[PDB]
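Note sheet for the following structure.
Numbers and lists here come from the model and the stated rules, or from a named source; no laboratory instrument gave them. Because the Cβ atoms are built from the backbone with ideal geometry, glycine has one as well, and the counts that use them run over all protein chains shown.
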Amino acid sequence: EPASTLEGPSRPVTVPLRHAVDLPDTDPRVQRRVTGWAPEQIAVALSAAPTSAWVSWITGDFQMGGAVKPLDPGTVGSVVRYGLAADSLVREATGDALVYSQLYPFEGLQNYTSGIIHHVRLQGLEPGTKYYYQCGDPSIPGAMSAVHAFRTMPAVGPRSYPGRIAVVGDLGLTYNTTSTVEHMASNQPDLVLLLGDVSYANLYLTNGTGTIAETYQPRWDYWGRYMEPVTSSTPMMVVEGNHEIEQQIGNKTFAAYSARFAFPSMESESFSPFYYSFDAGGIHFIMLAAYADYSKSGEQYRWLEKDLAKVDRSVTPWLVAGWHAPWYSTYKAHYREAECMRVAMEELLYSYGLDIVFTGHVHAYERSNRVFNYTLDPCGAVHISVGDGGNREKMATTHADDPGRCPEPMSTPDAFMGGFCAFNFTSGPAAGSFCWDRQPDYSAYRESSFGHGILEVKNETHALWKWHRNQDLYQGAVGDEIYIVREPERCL
Ligand SMILES: *[C@@H]1O[C@H](CO)[C@@H](O[C@@H]2O[C@H](CO)[C@@H](O[C@@H]3O[C@H](CO)[C@@H](O)[C@H](O)[C@@H]3O)[C@H](O)[C@H]2NC(C)=O)[C@H](O)[C@H]1NC(C)=O
Ligand SMILES: *[C@@H]1O[C@H](CO)[C@@H](O)[C@H](O)[C@H]1NC(C)=O
Ligand SMILES: *[C@@H]1O[C@H](CO)[C@@H](O)[C@H](O)[C@H]1NC(C)=O
Ligand SMILES: *[C@@H]1O[C@H](CO)[C@@H](O)[C@H](O)[C@H]1NC(C)=O
Ligand SMILES: *[C@@H]1O[C@H](CO)[C@@H](O)[C@H](O)[C@H]1NC(C)=O
Ligand SMILES: *[C@@H]1O[C@H](CO)[C@@H](O)[C@H](O)[C@H]1NC(C)=O
Ligand SMILES: *[C@@H]1O[C@H](CO)[C@@H](O)[C@H](O)[C@H]1NC(C)=O
Ligand SMILES: [Fe+3]
């Protein structure tokens, strides 16, 4: 039987230390495998409730370089035919289409515009049920997809859970990414959470050379094409990271992220692609924005207060959050970088009994002991960071507590969001300092390996967490495993 959080924190563990190569545009998996207006990059996303889901896809090739001419999204329809059997696609839904462009008004830089992106919401679905579907435009010969299938989340209730939820972040599109995704797919998750930093298109110049701020947007299309075997069969929920900012003409940001994925923004009443909520069985998930105003006077905070007040913990016992930047990572990389977000939101989330937090951003794996306001606390959330999806940026290997590695405080805050909130500790072992001189006691486990996690919620009190390292391929391999046990009578 696996160990558990029920008997308190564990003594910290650091796994001793042991670039990825981006997939080339010659890889058949990233090339166009369809012609004309046939769908590609097909992806399923959850709605706010299990009884609805989104199907999205792109029709038409992108344009890169020269005098790009954005496509008219009204010229290709957005239709999904679906049903309970592969030969019985008797239900129909329609949606809307859009394009986005990536434009730079500087000599020598190249412009991009997308294929036509489609988003269709299916309503009136049975929970826990396999649906077969085709997408495309039935009025254009050859413009319908093959038949695909996905399974809706189980019905919302305290003993009803998806079997496995995969959690990844900072995938990029390297050969190590393919290892992460293959490991994940072999675990047959019912749901994928992607905690920001998707394609790493901004590691390229517009002319395709791999390193104002620039991107090579075709990496998004390569990513979407590579991921389609997963996303067309498995719902995937994405939240933005800093690599999605992709600032362009007129200060426009997040164009690719906001256009490409479906989010339950309207259904969960966030009306933002950057944060939203949804239920999957008895789990209420909140995806938060580390890169949209998170201050107590802002819209995201107001939405979050409203969202939390509606959660009934007898219906959804589990309250789980995801966002890009960790609050309790002990690596030097991005150490205390999101402190202002923690200071803004942590007390609100603690007051509502947040159970688990998943993040990315730090290119390594870390699991915290239960913690609130830098204090080990039996009612604090477990913070797990899985930004180790395999992108081409350097792995995080140095720890802030390593001798001589404590960063200068003023160098740590996120420059995009601004502010400084990371003051020296005033109590505990590290009182008077910015960092510890050994692994902090709120850090249970940290390892500089690529991998993915699987969450298996069992009932209203127990969830089994497993993290799998990419370099282990044998059956049943697991790097870190623990039962996360909640105590609602104690903490709520
Ligand atoms: C919610 O799910 C958890 C996890 O499945 C339940 O706890 C688990 O309950 C089973 C059955 O009582 C325990 O199995 C027993 O484990 C011992 C070894 O520890 C073994 O010798 C027995 O033959 C038997 O297999 C299991 O240990 C226990 N696991 C943990 C971490 O507590 C829990 O009871 C469920 N709660 C509700 C309200 O349903
Ligand atoms: C890219 O688009 C911007 C805005 O329309 C324009 O200023 C620029 O000239 C374009 N660059 C090229 C090579 O077409
Ligand atoms: C990334 O993949 C390469 C090639 O398979 C492998 O040699 C390397 O060890 C992987 N890197 C990590 C940190 O696992
Ligand atoms: C892309 O632009 C950079 C910076 O000017 C340049 O160094 C590089 O050689 C260019 N790559 C190509 C394929 O033109
Ligand atoms: C772009 O951002 C700067 C501030 O960073 C601002 O001065 C400027 O007015 C903005 N331009 C537009 C079109 O919003
Ligand atoms: C967190 O700890 C600091 C210093 O002890 C304290 O000033 C602050 O009020 C605490 N924040 C809470 C309880 O939300
Ligand atoms: C905070 O701690 C660092 C060492 O981590 C130290 O250099 C610095 O002087 C401290 N700042 C204050 C105001 O105490
Ligand atoms: Fe990041």
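From the list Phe423, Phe434, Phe416, the one residue that fits, being away from ligand 8 (no atom under 16 Å from the Cβ), assigned to a loop (DSSP other than H, G, I, E, B) and exposed (fewer than 13 other Cβ atoms within 10 Å of the Cβ), is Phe423.
Listed here are the residues, each with its yes/no results for (1) buried (at least 20 other Cβ atoms within 10 Å of the Cβ); (2) of a type outside the set (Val, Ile, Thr); (3) in a strand (DSSP E or B).
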{"site": "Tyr133", "(1), (2), (3)": "yes, yes, yes"}
{"site": "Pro138", "(1), (2), (3)": "no, yes, no"}
{"site": "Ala146", "(1), (2), (3)": "no, yes, no"}
{"site": "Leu171", "(1), (2), (3)": "yes, yes, no"}
{"site": "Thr177", "(1), (2), (3)": "yes, no, no"}
{"site": "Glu182", "(1), (2), (3)": "no, yes, no"}
{"site": "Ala185", "(1), (2), (3)": "no, yes, no"}
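Within segment 203-252, track down each residue that is closer than 21 Å to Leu103 by Cβ, out of contact with any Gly (no Cβ under 9 Å at 6 or more places or on another chain) and assigned to a helix (DSSP H, G or I). Correct list: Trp220, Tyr222, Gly224, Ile249, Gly250, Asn251.
Check segment 110-128 and report whether any residue there is assigned to a strand (DSSP E or B) and within 20 Å of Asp190 (Cβ to Cβ).
Scanning segment 110-128, I find at least one residue that is assigned to a strand (DSSP E or B) and within 20 Å of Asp190 (Cβ to Cβ), so the answer is yes.
The residue of segment 442-459 that is nearest to ligand 1 (Cβ to nearest atom), among those that are in a loop (DSSP other than H, G, I, E, B) and crowded, with 18+ Cβ neighbours inside 10 Å, is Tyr442. Scanning segment 253-267 for residues that are among the aliphatic types (A, V, I, L, M) and part of a loop (DSSP other than H, G, I, E, B), we see that the one that is surrounded by the most Cβ atoms within 10 Å (Cβ to Cβ) is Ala262. Scanning segment 302-347 for residues that are polar (S, T, N, Q) and farther than 16 Å from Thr359 by Cβ turns up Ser314, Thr316. Is there a residue being closer than 30 Å to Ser179 by Cβ, within 25 Å of the chain's Cα centre (by Cα) and not hydrophobic (A, V, I, L, M, F, W, C) anywhere in segment 420-440? No, the conditions are met nowhere in segment 420-440.
Of all residue pairs spaced 6 or more apart or on separate chains, those with beta-carbon atoms under 6 Å, a first member in segment 154-176 that is basic (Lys, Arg) and a second member that is not in a loop (DSSP other than H, G, I, E, B) are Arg164/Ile454; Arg164/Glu456. Condition first: in the same structural domain as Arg446 (by CATH), surrounded by fewer than 20 Cβ atoms within 10 Å (Cβ to Cβ), of a type in the set (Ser, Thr, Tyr) and assigned to a loop (DSSP other than H, G, I, E, B). Can you find one or more residues in segment 381-397 that meet it? Looking for residues that are in the same structural domain as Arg446 (by CATH), surrounded by fewer than 20 Cβ atoms within 10 Å (Cβ to Cβ), of a type in the set (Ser, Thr, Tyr) and assigned to a loop (DSSP other than H, G, I, E, B), one finds at least one in segment 381-397, hence yes.
On the basis of being more than 16 Å from ligand 1 (Cβ to nearest atom) and closer than 22 Å to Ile384 by Cβ, does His462 make the cut? Taking the combined requirement at face value, the residue does not satisfy it. Among the residues here, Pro407 qualifies as away from ligand 6 (no atom under 16 Å from the Cβ) and assigned to a loop (DSSP other than H, G, I, E, B). Taken over segment 34-83, the criterion of being of a type in the set (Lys, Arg) and either touching a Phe, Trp or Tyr at 6+ places or on another chain (Cβ under 7 Å) or more than 23 Å from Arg219 (Cβ to Cβ) (or both) is satisfied by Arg81 alone.
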